[PDB]
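S.K.: Okay, here's the structure, questions in a sec.
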Amino acid sequence: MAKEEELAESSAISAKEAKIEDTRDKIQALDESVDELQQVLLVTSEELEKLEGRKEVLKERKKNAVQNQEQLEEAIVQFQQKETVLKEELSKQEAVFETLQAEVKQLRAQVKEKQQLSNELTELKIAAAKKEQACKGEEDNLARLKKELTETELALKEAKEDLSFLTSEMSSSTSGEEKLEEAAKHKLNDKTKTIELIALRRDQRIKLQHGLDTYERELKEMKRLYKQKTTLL
């Protein structure tokens with residue numbers, strides 16, 4: 001009977017040796033659970049800096065577009081500036097044509113008016129073509145002066161060219177900004193939260209791995225005192 005409950009004490013060794021084999025299977029459930037999470041974190045991390053890179057593309061396209069937008073606004077201002085001058089000048093030079101042919105009609109008449117000697121009236125005939133020719137070209141020069149306004153006013157419709165260009169830097173970016181900045185900030189929270197699971201689960205297992213440190217040593221004596229007493233009797 002004395003030994004009958006010597007071994008009935010060794011039954012607890014089976015409990016501890018079972019609590020071990022039950023506990024080591026509690027840790028590895030998490031050393032691959034974590035492993036599954038580290039393969040998720042890998043994926044989540046890839047999407048962010050792919051997205052964060054895609055966000056950098058529009059920054060290259062606009063800052064290249066801004067150099068194209070501010071450039072055309074200069075042209076838009078420069079062309080309207082020339083157009084205001086040419087249309088003023090053409091009108092100003094058109095006035096010379098008006099004053100031109102007003103002097104020529106009086107010239108032919110006045111020289112003929114005195115004629116109603118004659119050489120002094122033909123001295124106006126010389127003054128006729130003198131006034132006529134000096135103001136014949138100005139009637140034709142301002143005509144071609146309008147041709148520079150036939151190029152500028154149309155160039156102002158190459159300013160509309162910027163707006164058409166711009167809306168492809170907007171609705172391609174604005175539809176892209178809601179496609180990038182919405183997702184890029186949203187893809188991050190999944191990344192950080194996955195790291196927090198791992199950090200906890202790793203800490204959750206080290207508390208059992210420290211539990212295992214005690215449990216695995218307690219057996220070495222349980223199996224020694226029993227072994228040293230088994231050699232006694």
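Ordering of the structure tokens sets the chain letters (A, B, ...), residue numbers begin anew at 1 in every chain, and ligands are numbered from 1 in the order given.
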Tell me, as a count of residues only, which residues lie within 12 Å of range 19-30 of chain A, counting only C-alpha atoms; anything in the same chain fewer than 5 positions away does not count.
M.R.: 30
S.K.: Please list as a VMD selection string every residue within 6 Å of range 178-191 of chain A, counting only C-alpha atoms and excluding residues in the same chain fewer than 6 positions away.
M.R.: chain A and resid 41 44 48 51
S.K.: What does the file look like for those residues with C-alpha atoms, as an mmCIF file, in the first residue's frame?
M.R.:
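Output saved as again38.cif:
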```cif
data_model
loop_
_atom_site.group_PDB
_atom_site.id
_atom_site.type_symbol
_atom_site.label_atom_id
_atom_site.label_comp_id
_atom_site.auth_asym_id
_atom_site.auth_seq_id
_atom_site.Cartn_x
_atom_site.Cartn_y
_atom_site.Cartn_z
ATOM 1 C CA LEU A 41 1.198 42.494 -44.076
ATOM 2 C CA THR A 44 -0.931 45.254 -47.646
ATOM 3 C CA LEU A 48 0.409 51.276 -50.145
ATOM 4 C CA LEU A 51 -0.554 53.634 -54.360
#
```
S.K.: Residues within 9 Å of residue 93 in chain A, please, as a list in words. Count only C-alpha atoms; anything in the same chain fewer than 2 positions from it doesn't count.
M.R.: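 The neighbour list is residues 88, 89, 90, 91, 95, 96, 97, 98, 138, 139, 141, 142, 143 and 145 of chain A.
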S.K.: Pull N, CA, C and O atoms from the residues just selected and write them as a PDB file, in the first residue's frame.
M.R.:
```pdb
ATOM      1  N   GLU A  88      -6.788  98.813 -82.515  1.00  0.00           N
ATOM      2  CA  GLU A  88      -6.736 100.247 -82.274  1.00  0.00           C
ATOM      3  C   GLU A  88      -5.948 100.888 -83.402  1.00  0.00           C
ATOM      4  O   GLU A  88      -6.356 101.908 -83.953  1.00  0.00           O
ATOM      5  N   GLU A  89      -4.814 100.273 -83.737  1.00  0.00           N
ATOM      6  CA  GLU A  89      -3.939 100.775 -84.790  1.00  0.00           C
ATOM      7  C   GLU A  89      -4.607 100.687 -86.151  1.00  0.00           C
ATOM      8  O   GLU A  89      -4.551 101.637 -86.927  1.00  0.00           O
ATOM      9  N   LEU A  90      -5.215  99.539 -86.446  1.00  0.00           N
ATOM     10  CA  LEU A  90      -5.875  99.349 -87.732  1.00  0.00           C
ATOM     11  C   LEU A  90      -6.965 100.392 -87.886  1.00  0.00           C
ATOM     12  O   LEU A  90      -7.134 100.958 -88.957  1.00  0.00           O
ATOM     13  N   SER A  91      -7.695 100.643 -86.803  1.00  0.00           N
ATOM     14  CA  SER A  91      -8.719 101.680 -86.795  1.00  0.00           C
ATOM     15  C   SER A  91      -8.051 103.045 -86.885  1.00  0.00           C
ATOM     16  O   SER A  91      -8.558 103.955 -87.541  1.00  0.00           O
ATOM     17  N   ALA A  95      -8.216 105.461 -90.202  1.00  0.00           N
ATOM     18  CA  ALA A  95      -8.601 106.862 -90.154  1.00  0.00           C
ATOM     19  C   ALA A  95      -7.731 107.689 -91.084  1.00  0.00           C
ATOM     20  O   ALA A  95      -8.186 108.681 -91.654  1.00  0.00           O
ATOM     21  N   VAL A  96      -6.474 107.283 -91.221  1.00  0.00           N
ATOM     22  CA  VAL A  96      -5.565 107.949 -92.139  1.00  0.00           C
ATOM     23  C   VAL A  96      -6.035 107.759 -93.574  1.00  0.00           C
ATOM     24  O   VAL A  96      -5.910 108.665 -94.390  1.00  0.00           O
ATOM     25  N   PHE A  97      -6.572 106.578 -93.873  1.00  0.00           N
ATOM     26  CA  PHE A  97      -7.119 106.297 -95.197  1.00  0.00           C
ATOM     27  C   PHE A  97      -8.336 107.174 -95.475  1.00  0.00           C
ATOM     28  O   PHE A  97      -8.580 107.570 -96.614  1.00  0.00           O
ATOM     29  N   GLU A  98      -9.110 107.449 -94.429  1.00  0.00           N
ATOM     30  CA  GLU A  98     -10.273 108.317 -94.550  1.00  0.00           C
ATOM     31  C   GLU A  98      -9.798 109.731 -94.857  1.00  0.00           C
ATOM     32  O   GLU A  98     -10.300 110.389 -95.768  1.00  0.00           O
ATOM     33  N   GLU A 138      -0.748 104.155 -97.565  1.00  0.00           N
ATOM     34  CA  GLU A 138      -1.340 104.102 -96.234  1.00  0.00           C
ATOM     35  C   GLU A 138      -2.752 103.532 -96.299  1.00  0.00           C
ATOM     36  O   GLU A 138      -3.264 103.005 -95.312  1.00  0.00           O
ATOM     37  N   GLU A 139      -3.385 103.657 -97.462  1.00  0.00           N
ATOM     38  CA  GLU A 139      -4.680 103.035 -97.693  1.00  0.00           C
ATOM     39  C   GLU A 139      -4.529 101.536 -97.947  1.00  0.00           C
ATOM     40  O   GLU A 139      -5.459 100.763 -97.723  1.00  0.00           O
ATOM     41  N   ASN A 141      -1.431  99.806 -96.928  1.00  0.00           N
ATOM     42  CA  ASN A 141      -0.592  99.256 -95.866  1.00  0.00           C
ATOM     43  C   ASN A 141      -1.410  98.823 -94.659  1.00  0.00           C
ATOM     44  O   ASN A 141      -1.121  97.801 -94.035  1.00  0.00           O
ATOM     45  N   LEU A 142      -2.420  99.619 -94.326  1.00  0.00           N
ATOM     46  CA  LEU A 142      -3.291  99.327 -93.195  1.00  0.00           C
ATOM     47  C   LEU A 142      -4.221  98.173 -93.539  1.00  0.00           C
ATOM     48  O   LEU A 142      -4.802  97.542 -92.655  1.00  0.00           O
ATOM     49  N   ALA A 143      -4.362  97.911 -94.833  1.00  0.00           N
ATOM     50  CA  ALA A 143      -5.184  96.810 -95.309  1.00  0.00           C
ATOM     51  C   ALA A 143      -4.528  95.488 -94.937  1.00  0.00           C
ATOM     52  O   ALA A 143      -5.205  94.528 -94.573  1.00  0.00           O
ATOM     53  N   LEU A 145      -2.284  95.404 -92.589  1.00  0.00           N
ATOM     54  CA  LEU A 145      -2.094  95.544 -91.147  1.00  0.00           C
ATOM     55  C   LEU A 145      -3.161  94.728 -90.425  1.00  0.00           C
ATOM     56  O   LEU A 145      -2.964  94.274 -89.298  1.00  0.00           O
TER      57      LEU A 145
END
```
S.K.: Applying 6 Å and only C-alpha atoms, which residues near range 68-76 of chain A remain after dropping the ones on its own chain fewer than 3 positions away? List them as a list in words.
M.R.: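 Near range 68-76 of chain A, the qualifying residues are residues 65, 79 and 159 of chain A.
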S.K.: Can you write out the residues you just picked, keeping N, CA and C atoms, as a PDB file, in the first residue's frame?
M.R.:
```
ATOM      1  N   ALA A  65       2.171  70.246 -66.087  1.00  0.00           N
ATOM      2  CA  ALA A  65       1.004  70.903 -66.676  1.00  0.00           C
ATOM      3  C   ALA A  65       0.896  72.353 -66.223  1.00  0.00           C
ATOM      4  N   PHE A  79      -1.704  87.983 -76.407  1.00  0.00           N
ATOM      5  CA  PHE A  79      -2.449  88.075 -77.657  1.00  0.00           C
ATOM      6  C   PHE A  79      -3.570  89.102 -77.579  1.00  0.00           C
ATOM      7  N   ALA A 159      -6.088  79.622 -76.861  1.00  0.00           N
ATOM      8  CA  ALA A 159      -6.132  79.837 -75.422  1.00  0.00           C
ATOM      9  C   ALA A 159      -7.227  78.931 -74.880  1.00  0.00           C
TER      10      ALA A 159
END
```
S.K.: Give me the residues within 12 Å of residue 56 in chain A as a count of residues only, counting only C-alpha atoms and dropping any in the same chain fewer than 3 places off.
M.R.: 16
S.K.: Find the residue from A:107, A:66, A:149, A:121 that sits nearest to residue 170 in chain A; use only C-alpha atoms when measuring.
M.R.: A:66
S.K.: Work out how far CA of residue 148 in chain A is from CA of residue 134 in chain A, in Å to one decimal.
M.R.: 22.7 Å
S.K.: Using only C-alpha atoms, which of the listed residues (A:167, A:157, A:18, A:146) sits closest to residue 87 in chain A?
M.R.: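 Answer, going by the shortest atom-to-atom distance: A:146.
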S.K.: Would you work out the distance separating CA of residue 135 in chain A from CA of residue 99 in chain A, expressed in Å to one decimal?
M.R.: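 Answer for the CA of residue 135 in chain A to CA of residue 99 in chain A separation: 8.6 Å.
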S.K.: Please compute the CA of residue 10 in chain A-CA of residue 225 in chain A distance, one decimal, in Å.
M.R.: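 Separation of CA of residue 10 in chain A and CA of residue 225 in chain A: 10.1 Å.
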S.K.: Go through A:221, A:105, A:115, A:147 one by one, measure the shortest atom-to-atom distance of each to residue 131 in chain A using only C-alpha atoms, and give the residue with the smallest value.
M.R.: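 Closest to residue 131 in chain A of all the choices is A:105.
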